[PDB]
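Enquirer: here goes the first bit of my complex:
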Amino acid sequence: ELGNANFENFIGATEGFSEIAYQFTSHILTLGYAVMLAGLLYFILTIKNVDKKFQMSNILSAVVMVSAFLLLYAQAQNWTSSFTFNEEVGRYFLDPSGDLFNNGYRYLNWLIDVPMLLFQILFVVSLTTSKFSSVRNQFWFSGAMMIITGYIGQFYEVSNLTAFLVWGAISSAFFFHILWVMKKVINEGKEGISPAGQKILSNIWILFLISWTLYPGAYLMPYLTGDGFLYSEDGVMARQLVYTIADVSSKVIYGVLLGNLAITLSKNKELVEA
Amino acid sequence: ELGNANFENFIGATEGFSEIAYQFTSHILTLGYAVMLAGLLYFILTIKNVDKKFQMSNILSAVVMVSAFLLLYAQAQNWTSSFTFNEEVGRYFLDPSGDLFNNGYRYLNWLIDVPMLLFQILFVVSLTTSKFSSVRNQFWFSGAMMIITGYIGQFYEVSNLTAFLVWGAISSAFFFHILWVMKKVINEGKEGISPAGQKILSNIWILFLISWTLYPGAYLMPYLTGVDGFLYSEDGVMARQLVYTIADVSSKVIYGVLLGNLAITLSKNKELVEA
């Protein structure tokens, strides 16, 4: 009786994980939080070369990095504590004492981080006809709701497929909403900045779009092949890779590109340019 | 025989916690201390854009963040160490070896932090009819007493409902006193600063009022449906720990940010705070 548990635990409690599956997941999750703390240094070290008006972008990035490090660290330790090598069969199996594995650390990370990442672009670019205050509140409300609904759903990703998908769908509503507003902001952002600045905002959009889509991909990962191929250790590896790739892109790379824009806009483009 | 223990331990020792209840509490408590360390960075990184006379506000915020991180971290680890998964029934139960769970880490955090948060506003605003030193001492005395009395009470929140509520009440006395003085401060603060600065102080009050009220809510959370119903159970534990987390974040970080923003605007450097 595992109960309302993530699917990792069900694989780990039956099939077990192979060396490669466990170690890789372990490694990738470690890379996750490593990249976050590393990134922090980039934002701290470049802040002197951002003008005052843009500086909060760098600061908010830095804030995200710290939050993310700590929670993604917790997530990594959740993985390793939760599954123990069985000497007899040569596979890793669920260890009750280390607690059940749960992706909740990541999700709660999103709860802090999502509002900031959406907010923080608004310090770099300027809107035309839209109201800063409105855009922010929309971001913040939709963002919260997207994560909170998703957070509830994923508890059920095995126990109750319907609640899984209901909450998932509702989340997607809130998800799809955010995409709309962000496109609005990038477009109004593009108005009034050099072609150089424009090109960056274009890259940002593609990054934002791809990277944010990854998340619901990883939500569904176990099932994207119906007891098929990804309902296995392969699925676990796949989920945790994608989450890691997503989080790195959506925070660090995202933050870097914003920072680069803010730096160029400050006529300190020499720092970012080679 | 648990004794003078928090009610979490009694739930954990009888009902057990469901996966969702345990994991959520675990997650939210982690979010708690994560946000504190994160916040620290905000205060450090904005300090250059506060004028010298306001800068102690920023510094005191930073101080709080560090204290809070460390003690809230301790609090999170208290939770996780104290309750272990039972594979047979699929619920988390009290682990004696990991020590009893207690909210005391949080409370003693308050003991350091409350004085600073009350103190620190006084470096941004200027009073009219009150003396800096008087307001501070009131804050500091009442603040200490509020926490110390509350701290004693919560040990009894199961063992002895009377002492629970006595100490609770006494605490509440000092609580209202602080509210009273703070309202005085924010009003005198509002006198003589631009409308922009005024509006922030207004938000600060609302935040201060709502967020500080949460705490006694969370104190009583187990019993807010008396002797039964949703709140004397794992649901109550989740509820308490969410509210504490929300409270602590609001009362320290958000509070500190709003003060910081005020101090930054007052320094004629509003450009990084608003854009």
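Expert: Received, thanks. Numbering: from 1, shown residues only, chains lettered A, B, ... in the order given.

Enquirer: run through the helices of chain A in chain order.
Expert: A:8-13, A:19-46, A:55-82, A:104-120, A:132-153, A:161-190, A:195-219, A:233-247, A:254-265 (DSSP state H).

Enquirer: rebuild those as CSV, extending it with mean neighbour count.
Expert: (Each C-beta comes from the backbone N, C-alpha and C, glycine too.) Output for those, formatted as CSV (neighbours: other CB atoms under 10 Å in any protein chain shown):
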stretch, mean neighbour count
helix A:8-13, 23
helix A:19-46, 18
helix A:55-82, 24
helix A:104-120, 23
helix A:132-153, 18
helix A:161-190, 17
helix A:195-219, 17
helix A:233-247, 21
helix A:254-265, 23
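
Enquirer: for residue B:66, which of the ones you listed is the nearest?
Expert: Nearest to residue B:66 among the helices of chain A is helix A:55-82; the distance by CB to CB comes to 12.5 Å.

Enquirer: what does chain A have sitting close to chain B?
Expert: For chain A, the residues in contact with chain B (CB under 8 Å from any CB of the partner chain) are A:1-5, A:40, A:44, A:47, A:52-56, A:58-59, A:62-64, A:66-67, A:70-71, A:74, A:96-97, A:99-100, A:102, A:104-105, A:107-109, A:111-112, A:122-123, A:126, A:155.

Enquirer: recalculate using a threshold of 6 Å.
Expert: Residues of chain A lying close to chain B (CB under 6 Å from any CB of the partner chain) are A:1-5, A:52-53, A:55-56, A:59, A:62-63, A:66-67, A:70-71, A:74, A:96, A:99-100, A:102, A:104-105, A:108, A:123, A:155.

Enquirer: how close does residue A:29 sit to residue B:136?
Expert: 47 Å (CB to CB, to the nearest Å).

Enquirer: just give me the residue right at the centre of chain A.
Expert: Closest to where the C-alpha atoms of chain A average out (CA atoms, centre = their mean) is residue A:247, at 3.2 Å.

Enquirer: for chain B, what's the nearest residue on chain A?
Expert: Nearest residue of chain A to chain B, counting by CB to the nearest CB: residue A:1, 3.4 Å away.

Enquirer: that residue is in contact with residue B:90, isn't it?
Expert: Yes. Here residue A:1 reaches residue B:90: they are 3.4 Å apart, a contact under CB atoms under 6 Å.

Enquirer: for these two, list the residues in contact with both.
Expert: The contact sets of residue A:1 and residue B:90 do not overlap (CB atoms under 6 Å, 6 or more residues apart in numbering or on different chains).

Enquirer: let me know whether residue A:39 touches residue A:65 as I believe.
Expert: Yes. At 4.9 Å, residue A:39 and residue A:65 qualify as touching, with contact defined as CB under 6 Å.

Enquirer: add chain C to the structure above:
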Amino acid sequence: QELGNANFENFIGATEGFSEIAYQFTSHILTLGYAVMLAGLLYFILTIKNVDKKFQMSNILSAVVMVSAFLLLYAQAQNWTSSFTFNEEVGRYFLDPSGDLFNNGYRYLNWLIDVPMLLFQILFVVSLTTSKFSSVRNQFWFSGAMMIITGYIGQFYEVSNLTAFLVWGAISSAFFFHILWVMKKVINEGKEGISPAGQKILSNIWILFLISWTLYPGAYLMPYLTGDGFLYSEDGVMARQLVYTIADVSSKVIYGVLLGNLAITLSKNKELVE
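Expert: The block that follows adds chain C to the chains above:
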């Protein structure tokens, strides 16, 4: 229970056990201890810019103390929690041999590094009149070391051998009064030739120095201050560890703050502190 040359906490823990309140409180207060130290560090780092160059070593030495103190007081807190385990049957915490015996030695060795600095550091802020920098320092340093080293030896015996306990205690006290004597000299010579604002602070410093430093020998004797009386119990343990914590905070952080404030005023940057 063949405990040997052990602190009295272990003897209580090994017989009576600690109640929930006693254990948790001690645990909490010891945590507060090291938390306050690291917090304080931030104050000293962040204020250094506002003290003039010639006083700045006071701030630096404070910062140094804070770090040392954090690490050792952290170790001390972990010593407490490791050393006593909840007994499910009776609902009290009892000595756990595996987690090592509890010992206040971490704290004492902290004193060994910290005491010389705290005595030294005032000399950067004040100017002596009649007394010789070199003499005052060496006296502080010699007496300071000896006070701690003798105390450190004594406390091992606070149960095993009451005589050595009190002998070493007394010897320590000799050096204690010496330090008090010299420090009073310093504060008074310090007061000669500095602004009234500076004077007032040095007055406060002395009161704080005096009260806070007296606490220590109080806590040394705490188990016995009521002869098998009231404080030879879990109550005594709580009492000792509260007092040590209060002492250490006052004698380092508050002390350091007051010195900092003095150094800041003497630099004509008093707008920060008011």
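
Enquirer: nearest residue to the residue nearest to the centre of chain A in space, please, no chain neighbours.
Expert: Excluding its sequence neighbours, the residue lying closest to residue A:247 (CB to CB, 6 or more residues apart in numbering or on different chains) is residue A:32, at 6.3 Å.

Enquirer: repeat for residue A:79
Expert: Nearest to residue A:79 is residue A:29, by CB to CB, 6+ apart, at 5.3 Å.

Enquirer: that neighbour and residue A:77 touch, don't they?
Expert: No. Using CB under 6 Å, residue A:29 is not in contact with residue A:77, being 8.9 Å away.

Enquirer: show me the contacts for residue A:91.
Expert: Residue A:91 sits next to residue A:16 when contact means CB under 6 Å, 6+ apart.

Enquirer: can you rerun that using 10 Å?
Expert: Residue A:91 is in contact with A:12, A:15, A:16, A:17, A:18, A:19, A:21, A:22, A:83, A:85, A:233, counting by CB atoms under 10 Å, 6 or more residues apart in numbering or on different chains.

Enquirer: could you count how many residues lie near the spatially closest residue to residue A:49 that is not a sequence neighbour?
Expert: Spatial nearest neighbour of residue A:49, chain neighbours left out: residue A:268 (4.4 Å); criterion: CB to CB, 6+ apart. Residue A:268 has 16 neighbouring residues, counting by other CB atoms under 10 Å in any protein chain shown.

Enquirer: okay but residue A:268 is in contact with residue A:259, surely?
Expert: No. If you go by CB atoms under 10 Å, residue A:268 and residue A:259 don't touch, sitting 11.0 Å apart.

Enquirer: wait, doesn't the residue nearest to residue A:247 sit right on residue A:70?
Expert: No. In this structure residue A:32 lies outside contact range of residue A:70 using CB under 10 Å: 11.8 Å.

Enquirer: residue with max distance from the center of chain A?
Expert: Per CA atoms, centre = their mean, the most distant residue from the centre of chain A is residue A:88 (37.2 Å).

Enquirer: got the phi and psi for it?
Expert: Dihedral angles of residue A:88 (phi, psi; degrees, to the nearest 10) stand at phi -80, psi -40.

Enquirer: ok so, going back, contact partners for the residue nearest to residue A:49?
Expert: So residue A:268 contacts A:46, A:48, A:49, A:50, A:51, A:262 (CB under 10 Å, 6+ apart).

Enquirer: apart from its neighbours in sequence, what residue is nearest the fourth one?
Expert: Spelled out, that is residue A:50. Spatial nearest neighbour of residue A:50, excluding adjacent residues (CB to CB, 6+ apart): residue A:262 at 4.8 Å.

Enquirer: following sequence is chain D, add it:
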Amino acid sequence: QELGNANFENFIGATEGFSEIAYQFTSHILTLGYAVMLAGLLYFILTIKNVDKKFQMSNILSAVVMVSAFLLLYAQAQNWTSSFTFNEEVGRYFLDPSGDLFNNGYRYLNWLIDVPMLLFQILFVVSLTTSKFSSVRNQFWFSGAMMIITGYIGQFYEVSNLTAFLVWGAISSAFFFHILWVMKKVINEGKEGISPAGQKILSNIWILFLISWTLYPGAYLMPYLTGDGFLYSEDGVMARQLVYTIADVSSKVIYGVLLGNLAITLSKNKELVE
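Expert: Alright, chain D goes in next:
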């Protein structure tokens, strides 16, 4: 036990066991590893003020690498110690299943982050002549990724399947030479247009780059470089882990230092480095 697709360390540890010297040394050297990384970080942070704006991203990227490397090399060190337990009966360290299997994957995934940055970062110090920044970078980035990813896969098989081991190894080596080729191009074009002092450093960088990068494939093959021969033993383990450590220190820290020194000289702040 039944180990599967595991590193060879585990097979030694599961049969021969490790001697005190072998275990302790490996333990010590791996600790040195991550210690040096965090230490290095301090150098890059502290010297950045003395590099001109246009070079500064070199120092920043170094700093980023240091942090990533600390965290992952720390993980790697703890992987070693957790995985092998002293057996009091024989006086040798043996594989502990509970501490999880040892795997070098932490290191490899560290490479995945770090390799692109180290190759990238030189381009902020020097200017190319005949080559296109964009092309050189993409080659570095693509080949770098592929080199590590292929290597990462191979090393899982270094015992289980020697053919896959060597295939993947070889494929990796393809991309390796490519990177070497491009880097030589870069260092030469880099040398064009800077003082002889700067030139001399770029020369040293190349020899360091060349030697240090070569070490890695040496360490890949280390168990077999003597066929059930001399290095298929605890000696081989020691040898591998020393070489990896030496490589990583050289290829990141020393490499980074030399680049930093170049950037400092180019900024006419050569007095710092002299």
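
Enquirer: the neighbour count of residue A:268 again, this time with chain D added?
Expert: 19.

Enquirer: surely residue A:249 touches residue A:208?
Expert: Yes. At 8.9 Å, residue A:249 and residue A:208 qualify as touching, with contact defined as CB under 10 Å.

Enquirer: what is the end-to-end distance of stretch A:265-274?
Expert: 17 Å (CA to CA, to the nearest Å).

Enquirer: for that stretch, buried residues please.
Expert: Neighbour counts using 16 or more other CB atoms under 10 Å in any protein chain shown place A:265, A:266, A:268, A:269, A:270, A:271, A:272, A:274 of stretch A:265-274 among the buried residues.

Enquirer: mind listing the residues bridging to residue A:92?
Expert: residue A:17, residue A:85 (DSSP bridges).

Enquirer: and residue A:41, what is it in contact with?
Expert: By CB under 10 Å, 6+ apart, the contact set of residue A:41 is A:62, A:65, D:41, D:44-45, D:60-68.

Enquirer: thinking again about what came up before, residue D:97 is in contact with the residue farthest from the centre of chain A, correct?
Expert: Yes. If you go by CB under 10 Å, residue A:88 and residue D:97 touch, sitting 9.2 Å apart.

Enquirer: chain center to stretch A:176-188, what's the gap?
Expert: 18 Å (CA atoms, centre = their mean, to the nearest Å).

Enquirer: contacts for that stretch next, please.
Expert: Stretch A:176-188 is contacted from outside by A:114, A:117-118, A:121-122, A:125-130, A:132, A:134-136, A:138-139, A:141-143, A:145-146, A:189, A:198, A:201-202, A:204-205, A:208-209, A:212-213, using CB under 10 Å, 6+ apart.

Enquirer: which residues does residue A:222 contact?
Expert: Applying CB under 10 Å, 6+ apart, the residues contacting residue A:222 are A:6-8, A:10-11, A:157-158, A:164, A:228, A:230-232, A:235-236, A:238-239.

Enquirer: list the contacts of the nearest residue to residue A:234 once chain neighbours are set aside.
Expert: Leaving aside its sequence neighbours, residue A:234 sits nearest to residue A:21 (CB to CB, 6+ apart; 7.4 Å). By CB under 10 Å, 6+ apart, residue A:21 lies in contact with A:11-12, A:15, A:83, A:91-92, A:232-237, A:240, D:5.

Enquirer: kindly report the same for residue A:72.
Expert: Per CB under 10 Å, 6+ apart, neighbours of residue A:72: A:29-37, A:105-106, A:109, A:243-244, A:247-248, A:251, B:34.

Enquirer: with residue A:203 instead?
Expert: Taking CB under 10 Å, 6+ apart, one finds A:253, A:257, A:260, A:261 in contact with residue A:203.
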